[PDB]
Amino acid sequence: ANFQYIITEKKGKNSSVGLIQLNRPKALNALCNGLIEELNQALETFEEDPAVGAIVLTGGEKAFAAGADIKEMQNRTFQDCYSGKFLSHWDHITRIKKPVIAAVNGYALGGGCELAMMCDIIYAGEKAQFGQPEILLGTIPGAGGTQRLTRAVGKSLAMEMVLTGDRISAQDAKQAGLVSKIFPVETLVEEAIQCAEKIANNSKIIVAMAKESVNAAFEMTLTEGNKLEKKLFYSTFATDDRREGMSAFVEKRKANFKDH
Amino acid sequence: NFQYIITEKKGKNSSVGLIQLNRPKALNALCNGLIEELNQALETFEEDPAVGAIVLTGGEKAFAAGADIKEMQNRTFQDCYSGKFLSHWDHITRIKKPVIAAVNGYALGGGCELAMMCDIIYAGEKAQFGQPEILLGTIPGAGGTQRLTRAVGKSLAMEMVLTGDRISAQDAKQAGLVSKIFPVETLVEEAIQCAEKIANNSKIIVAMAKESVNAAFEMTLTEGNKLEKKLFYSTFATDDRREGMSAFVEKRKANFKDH
Amino acid sequence: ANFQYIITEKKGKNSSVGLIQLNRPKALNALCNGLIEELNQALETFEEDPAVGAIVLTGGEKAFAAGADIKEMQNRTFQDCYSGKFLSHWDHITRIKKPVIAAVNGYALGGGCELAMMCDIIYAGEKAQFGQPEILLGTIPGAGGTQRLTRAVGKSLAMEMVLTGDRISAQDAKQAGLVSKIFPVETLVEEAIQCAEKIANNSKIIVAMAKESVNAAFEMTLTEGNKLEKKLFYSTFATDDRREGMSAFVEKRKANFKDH
Amino acid sequence: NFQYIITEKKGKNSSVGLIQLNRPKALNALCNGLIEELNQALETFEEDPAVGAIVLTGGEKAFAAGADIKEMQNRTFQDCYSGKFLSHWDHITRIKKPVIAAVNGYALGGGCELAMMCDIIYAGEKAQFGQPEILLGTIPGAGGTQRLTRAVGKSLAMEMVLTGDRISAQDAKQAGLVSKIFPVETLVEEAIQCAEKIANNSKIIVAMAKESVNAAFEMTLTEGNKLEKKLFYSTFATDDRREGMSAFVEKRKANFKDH
Amino acid sequence: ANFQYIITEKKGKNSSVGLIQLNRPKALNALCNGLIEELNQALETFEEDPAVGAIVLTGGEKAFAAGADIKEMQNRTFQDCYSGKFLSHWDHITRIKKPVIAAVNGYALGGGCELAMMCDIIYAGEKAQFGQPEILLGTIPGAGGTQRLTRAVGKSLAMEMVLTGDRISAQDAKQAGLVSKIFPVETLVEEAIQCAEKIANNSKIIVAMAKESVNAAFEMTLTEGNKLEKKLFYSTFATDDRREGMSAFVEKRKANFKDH
Amino acid sequence: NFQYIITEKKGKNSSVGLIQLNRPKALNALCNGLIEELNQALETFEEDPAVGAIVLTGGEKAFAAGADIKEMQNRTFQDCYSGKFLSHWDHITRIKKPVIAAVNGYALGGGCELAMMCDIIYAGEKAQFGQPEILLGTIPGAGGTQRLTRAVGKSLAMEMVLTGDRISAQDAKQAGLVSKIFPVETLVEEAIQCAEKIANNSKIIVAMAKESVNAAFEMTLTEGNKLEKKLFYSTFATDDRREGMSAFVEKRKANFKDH
Ligand SMILES: CC(=O)CC(=O)SCCNC(=O)CCNC(=O)[C@H](O)C(C)(C)COP(=O)(O)OP(=O)(O)OC[C@H]1O[C@@H](n2cnc3c(N)ncnc32)[C@H](O)[C@@H]1OP(=O)(O)O
Ligand SMILES: CC(=O)CC(=O)SCCNC(=O)CCNC(=O)[C@H](O)C(C)(C)COP(=O)(O)OP(=O)(O)OC[C@H]1O[C@@H](n2cnc3c(N)ncnc32)[C@H](O)[C@@H]1OP(=O)(O)O
Ligand SMILES: CC(=O)CC(=O)SCCNC(=O)CCNC(=O)[C@H](O)C(C)(C)COP(=O)(O)OP(=O)(O)OC[C@H]1O[C@@H](n2cnc3c(N)ncnc32)[C@H](O)[C@@H]1OP(=O)(O)O
Ligand SMILES: CC(=O)CC(=O)SCCNC(=O)CCNC(=O)[C@H](O)C(C)(C)COP(=O)(O)OP(=O)(O)OC[C@H]1O[C@@H](n2cnc3c(N)ncnc32)[C@H](O)[C@@H]1OP(=O)(O)O
Ligand SMILES: CC(=O)CC(=O)SCCNC(=O)CCNC(=O)[C@H](O)C(C)(C)COP(=O)(O)OP(=O)(O)OC[C@H]1O[C@@H](n2cnc3c(N)ncnc32)[C@H](O)[C@@H]1OP(=O)(O)O
């Protein structure tokens, strides 16, 4: 449909990369309900697009996303939150099977940091900044900022960031494992598209299974994660792509995956 | 009046409660008496409405060199079990207000664990962390095999616990055990500044945030997120959340009231 | 025993370190069923060897282990995998109570990375490279590559490694916590043996308790991990070594452990 | 204008939303269309401020005999995986208001799982529960090996799942799969009575309680108790908890306002 | 100490059973702060008492405990709850190592049901009634009523009880596994004391290990519960009592436990 | 050449593998030798393509009276630890084919645990279950404090483990420890009939179902459901599923080939 808050584009070789750009620079991409509703539509679209194997989520040079919309939350009451299931469409990105890479340029604060962390991989621009300034507004992170952050960065830094609201640089974020790669502000999105391309080249069904396996590292004990992983591993043998990728390795040729 | 520790209220408007382990002749080894006082001091700052965060530190040479070996020396397994040995050691984990550990020098054995029990660890340039319990024929007994591993990774945790080797302030920060390194001289001052920032925020909200972050080690991500959302919703039941958000919108400085 | 694929040696002071070396350089130490069956034999032997307190696993200078043997997997179906418990003897190393240190020189890819990660400690040579290229073959990691990697390195790098098949250097691996030490290619195994030697010097029973305690960090909530740890800690008081090690500190002398 | 189901608002002040699976010719086998409508009805009652509890039932002979086998028949593994097969099935688990299953007759396979997805199960005297998926060369795919096991124990769950054998209303109740058995004739009426009692209580508190009870299957007891305590504290942020407790103290009937 | 709300007594053979009776019949034993403070003092006392091997907690014939004190909660705010750690001393009973058996006669509602559930074993009088009427007061159970109840009784009955506030009889409670034995109103406490007697006859250190093992069934996966149990099992071999209990079976005589 | 057990291939088509503990002199007390053979027999039936389900039983008077006390009597703490005491005991839990325990008479200590390690338990009218380890100065060491608690509830488990008391076949069934009670004489025959039903179905699917049910004790419901769904999708990769579903549609008997 026609978008008010975001710009979607199909990029990369064979237009296998679905680029989603948050376009609400006036509010530093603050995540209002309408922006979220469109972002989710775009995600579902790329998800249903057979040509797209990976999605790249980004904002502007100055801000990936400054957080949830404070103006929209200001008049909410506890009872509203509860009965109105406040923020329940926020984590839809986590239902997408295809990989999503966040190309974070500038500010990724509050709900913005959380949106980036909801993504599978995070690439950061040289000037990017991450933070959970919710405490400064008399609230706490509400979409995984006390969970995903802690799991990536450690208790000490997570506590420090969540309790003070202080920002960390692209560097601190990479050193801490919040993000895996840092690129120049200008080449960042291009670089993230390159990474999405490699992933898109691979089998879609296998990639989906791999992503589901990695995610499970945060939902079970190591014993059970390893067992689930083994079960998915066994499942790959039920696809043609596995046959194709293994035979191509043996046959020392290039594999022609067909996402089946 | 304490024998083993020195307490002080610092920070802007005396919002930071400083606890300093003071048993330098034993390199702040954690004897029963020291722990009993530490817990008293913690409970006090916990109950003091002017204090929003606590900073725990030791000396320049040692934060804490470990449990008191001499006091464990003649203990038996039935003594340990029945006497619930070391049960008062993790009282610090019951404190709702944030505790920041300003680790200068040695933070070994029970000292490393005490630091890790804290919410945030700041380390002096000359700080050293380690779990030498294995060298004594014992293993870490207050989270040294647990909080260490969760912060530093299996390989380094195993290496530290199985050999008893120490890591530097730098290795500790690179690994995520500590989040900041500061010069030996300005370390406590720097930790107090961090504590001040925290005390300036709404105590009730800060307590909820800390509880949320801690939950990252007690549940699956799905449940952690759900708990988090419930606390997030709860913040809307406070005056501070209303204030904090209207202030943003009204382009003004929020005035929190811990309510 | 008489080994086709590996070389075992008892090294270190008092021959306390059991050295196991993958020796199938033509396949760059690719893990075939036979290699695994021997690896497990060697492991069990060193495990039952009272003189051995720690084991060091290594491969060649060019490769620790470049992956499972694809030819061997190439013709399996899903039902074969399932009914035949494919790869089930792969994680036997995880049943060994004595510490295992992996001295990774060169490639540690696929099944090789997983095997290294199954070890308690990982030391890496300067030219070491880690990676999970399974996705390139139309399959996913099947021996903890999506689990132990994620738990050591974080979601962003793990997803990136597993979804693209890209390799990371020894430095990236150390920065991220996958490995705890990096040493020159030449002195690596020697350095790992020193580490195992240090560990063998301690009481075996206590060391086995410690290792079991650390591993529990990936199988329980922190509350339960801390309670199990406390129970093992109490158990150490039931041994003679605990007494000896504590008296020795008090008495200002060297402890004389007896593994009891 | 539903093809496969019949919705009705019942109970005092039409507080109960009654959904009736109406596809008797197929014994209410859960086809995609039936599920799409069920989900529509659920979401509607969910959004209806007049409704506080939902009662889901089928016919006298069958609550639901399972997924539509003919619709599953030509599916491949790639279809199942890539097509997120059965993902719209557990939508009922996202409804905040309580759902009570009034199971009359057969509740087999996908039908047993649908009933187990509900918060409370009332069973008619002639009701039968079972997981016959094994007889079709497949296993339960919507919680039949999970919710069943947690309610009935390993031995009976393994037996039912591995042989495909049915258990009676009595066995189900004795096992804790269902909490009440009623005559075939008065079953739905009795389930509506229960839903009525629920609807008279504060909606917000009822949603909190249901969320707390469900957490018993997603966390350790320690964490469940902590989450529960936090929801407990949250109830104090509502007008209804004030009302409820004052009414006790003032010796009067409480008037809840779902706020 | 000087108890206002409870009556303590040491009963049974050798006065091994420490009896605690809630004695505030005018408020049907409602759990006011003072009653809880005394209950905890009495528990700690029996806990520190060498002659007591088990505790039996009971109320009056009409009510075990009708719930928390509504009058005391009435004026509480969300902020009071949070900041004041409301109900913090409520589950101190769960820190007691010696077994506690609840002899429930009459009403065991709200905080009263939860208190009984915090106990290790629950014996119920023929006229006992259990329930969680918190919902009728505009609140939910706040000391395990949504947790321990569900785990003992199943989702359907728990949901039904918690959402409607309906009570269940002694029989429904036993059938459901909430309570393991039902006895006549008049002989109930006597019967519970006999049970506490048997327990007090065994080794206290072993009994504490066993209770801690069973409790772990609600805090871990079956894999880890089994491992923890095995570790406690091994620990029993570090005691004299195990030596004694096993030799006595072999020697076909009576075991003489000395609690170590 | 089994000293302690009797194995037999029963059931239609000799699809049921019966293992009989045969050490009545010591009421089938589980000695190391007995266990080593039990494990061999299990592995054999596991590798036997004609066998689809195993039935484990003892004598009329006792299934198994516990671990051998004489053998444990001189063990030390270091023995247990370093020697991995009782490590081969739960090998039965590695068998992927369903195992049904036909418990007649005593099933105490290690005996109860062994029965509980089985997937399904059928009990003779005179059967008795218990965990008397406490009477010997020890605690259950092979899941008696775990599987018991999970099937029977905390109150009964605590009572059984802390007092050493026995419960009857009826108490066991009422509590869900066992799913069926049969006359002492017809018990094994009845268990074989069950094992036969299981053996009739696809072995691959049955193994997936059993693994799914077992997962109910190793994860949160969310994850259990997700794992279950993945196995469910996997069944579509088998020929048996296609067959089982065609048979229904085609109103004919399914002919499974275990793949
Ligand atoms: C569950 C949750 O997850 C909840 C949350 O995230 S809520 C809180 C998290 N986010 C925040 O607190 C960030 C607040 N924003 C800031 O601190 C600053 O915008 C900044 C430091 C990021 C940038 O500073 P700056 O360069 O001076 O830009 P700034 O003028 O503030 O913002 C530009 C515009 O975007 C708006 N904006 C920025 N962040 C916003 C937000 N989170 N919500 C709504 N509007 C926002 C600004 O108000 C301004 O609009 P107007 O002047 O027309 O009102
Ligand atoms: C459950 C648990 O968690 C258990 C544990 O932590 S116990 C093990 C952890 N701690 C240890 O192993 C302590 C090791 N200590 C040391 O190696 C050294 O004290 C050190 C490396 C920290 C510093 O070295 P140093 O500058 O040469 O100081 P050093 O002379 O050795 O010690 C100074 C004084 O403090 C005492 N001390 C240091 N650590 C101690 C401890 N953990 N317990 C008791 N006394 C201790 C020393 O014995 C000495 O006192 P005395 O001379 O009166 O006997
Ligand atoms: C993820 C999942 O969880 C998936 C699923 O549950 S798989 C489904 C599990 N269910 C089964 O295996 C089949 C259950 N049904 C039966 O066994 C029998 O219908 C019954 C025992 C319920 C009743 O037997 P019955 O009284 O003799 O009636 P019966 O003739 O078999 O069936 C009634 C009609 O509804 C159809 N029907 C029954 N169960 C159905 C199902 N699960 N799906 C689709 N149609 C079904 C029947 O085919 C028949 O229609 P037709 O005569 O036009 O062909
Ligand atoms: C975290 C939590 O878990 C919190 C809680 O449980 S909150 C609420 C749970 N408990 C309840 O709802 C109990 C309410 N009580 C009742 O419904 C009834 O007392 C009963 C059904 C138990 C018995 O009815 P009854 O025989 O007519 O006795 P009743 O007159 O109501 O009560 C006897 C006296 O004890 C008081 N009492 C009973 N239950 C009480 C409670 N939970 N708190 C405080 N006082 C209570 C009564 O108010 C009355 O005192 P007064 O007449 O002097 O005011
Ligand atoms: C890790 C673990 O999980 C460990 C274990 O379970 S610990 C063991 C738990 N089992 C027990 O405590 C043993 C219980 N057994 C007995 O008390 C009785 O045998 C019984 C109550 C089962 C039945 O009573 P009974 O019919 O009168 O038989 P009884 O005369 O006592 O015993 C019959 C024979 O089998 C032996 N026996 C019974 N149970 C045994 C056991 N668990 N271990 C070893 N031998 C046992 C008896 O010693 C006797 O052998 P001998 O006469 O040749 O010396």
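What ranking do B:206-218, C:59-71, C:18-30, C:130-142 get when scored by the average of other Cβ atoms within 10 Å per residue, highest first? The partial results should precede the final answer.
Numbers: B:206-218: 24.0, C:59-71: 22.4, C:18-30: 20.5, C:130-142: 26.8.
Ranked by mean Cβ neighbours within 10 Å, highest first: C:130-142, B:206-218, C:59-71, C:18-30.
A simple rule links phi to the HN-Hα coupling: the Karplus curve 6.51 cos²θ - 1.76 cosθ + 1.60 with θ = phi - 60°, which for the range A:127-140 gives 9, 5, 9, 10, x, 10, x, 3, 4, 6, 9, x, 9, 10 Hz, with x for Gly and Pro. Relative to the first principal axis of the alpha-carbon coordinates of chain D, what is the inclination of helix D:154-163, with its axis defined by its Cα atoms, in degrees from 0 to 90 and to the nearest 10? That works out to roughly 30 degrees. Note on F:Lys25 and C:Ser88: their simple-model spin labels are 3.4 nm apart, each label 7 Å out from Cα toward Cβ.
The simple Förster model, with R0 at 25 Å and r as the Cβ-Cβ distance, assigns E:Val250 and C:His260 a FRET efficiency of 0.50. The helix-only estimate of mean residue ellipticity at 222 nm for chain B, built from DSSP H runs of length n ≥ 4 each weighted as -39500 (n - 2.57), is -12000 deg cm²/dmol after division by the residue total. The alpha carbon gyration tensor of chain E gives principal lengths a ≥ b ≥ c with a/c of 1.5 or higher and a/b greater than b/c, which makes the shape prolate.
Nearest 500 deg cm²/dmol is fine: what mean residue ellipticity at 222 nm does chain A get from its DSSP H runs of n ≥ 4 alone, each adding -39,500 (n - 2.57), divided by its residue count?
On the way: 11 runs with 108 residues, N = 260.
Per the formula, -12000 deg cm²/dmol.
Taking the Cβ of A:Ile193 as the center, what net charge do the other residues with Cβ under 11 Å away carry, scoring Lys and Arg +1 and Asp and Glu -1? It would help to have the intermediate numbers written out before the result.
Numbers: positive: A:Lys10, A:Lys11, A:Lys13, A:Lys198; negative: A:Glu9, A:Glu190, A:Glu191, A:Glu197.
Taking every other residue near A:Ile193 into account, the sum is 0.
With the simple model of a label 7 Å out from the Cα in the direction of the Cβ, E:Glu44 to C:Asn33 spans 6.5 nm. Quick check: the angle from helix F:239-249's long axis to the longest principal axis of chain F, C-alpha only, nearest 10 degrees? Long axis of F:239-249 versus the principal axis of chain F: about 60 degrees.
Using 1/(1 + (r/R0)^6) with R0 = 22 angstrom and r between the beta carbons of A:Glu61 and A:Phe3, what's the FRET efficiency to the nearest 0.05? List each step's numbers first, then the result.
Working: r = 20 Å, r/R0 = 0.89.
About 0.65, to the nearest 0.05.
The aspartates and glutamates whose alpha-carbon is closer than 12 Å to the alpha-carbon of D:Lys126, local same-chain residues fewer than 8 away aside, are D:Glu60, D:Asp171, D:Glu185. Between the range D:31-72 and the range E:33-94, the C-alpha centres lie 45 angstrom from each other.
Please go through the residue pairs E:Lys127/E:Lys204; B:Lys70/C:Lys231; A:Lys231/F:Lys10; C:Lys11/C:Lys62 and name each one whose alpha carbons sit more than 25 Å apart in this structure. Spell out each step's value before the answer.
On the way: E:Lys127/E:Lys204 33 Å; B:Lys70/C:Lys231 21 Å; A:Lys231/F:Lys10 32 Å; C:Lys11/C:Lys62 22 Å.
Too far apart for the 25 Å limit: E:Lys127/E:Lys204; A:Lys231/F:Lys10.
Taking Cα centroids, how far is the range E:1-23 from the range B:202-235 in Å? Cα centroid to Cα centroid, the span is 41 Å.
Show the residues, 5+ positions off or on another chain, whose built amide H is closer than 5 Å to the amide H of F:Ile54. Residues meeting the criterion, in which the H sits 1.01 Å from N, are F:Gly17, F:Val99, F:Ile100. Taking B:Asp240, B:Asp79, B:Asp90 in turn, the Gaussian network model of chain B (Cα-Cα springs below 10 Å) assigns the largest fluctuation to B:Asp79. Which of the residue pairs A:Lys227/F:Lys210; B:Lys84/E:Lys211; D:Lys61/E:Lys155; C:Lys97/E:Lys230 have a Cα-Cα distance greater than 18 Å in the structure shown? Checking Cα-Cα distances, D:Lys61/E:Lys155 exceed 18 Å.
Which order do F:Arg242, B:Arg23 fall in if you start with the one that has the fewest other Cβ atoms within 10 Å? Display every interim value, and only then the final one.
On the way: F:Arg242 19, B:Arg23 22.
Sorted ascending by nearby Cβ count, the order is F:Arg242, B:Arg23.
All other residues whose Cβ lies under 9 angstrom from that of D:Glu196 are scored, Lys and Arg at +1 and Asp and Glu at -1, for a net of +3.
Here's how it looks for C:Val56: its modeled amide H is under 5 Å from those of C:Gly18, C:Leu19, C:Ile20, C:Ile101, which are all 5 or more places away or on a different chain.
If you take the Cα centroid of the range E:145-186 and the Cα centroid of the range B:105-127, the two points sit 47 Å apart.
Label positions at A:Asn14 and B:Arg252, each projected 7 Å from the Cα along the C-beta direction, are separated by 5.9 nm. For chain E, find the longest principal axis of its Cα atoms and tell me its angle to the long axis of helix E:33-47, 0 to 90°, nearest 10. Tilt of helix E:33-47: around 0 degrees.
Cβ: placed from backbone, ideal geometry, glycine included. Neighbour counts: every protein chain shown. Where a number appears in this text, it was derived from the coordinates with a stated rule and is not lab data.
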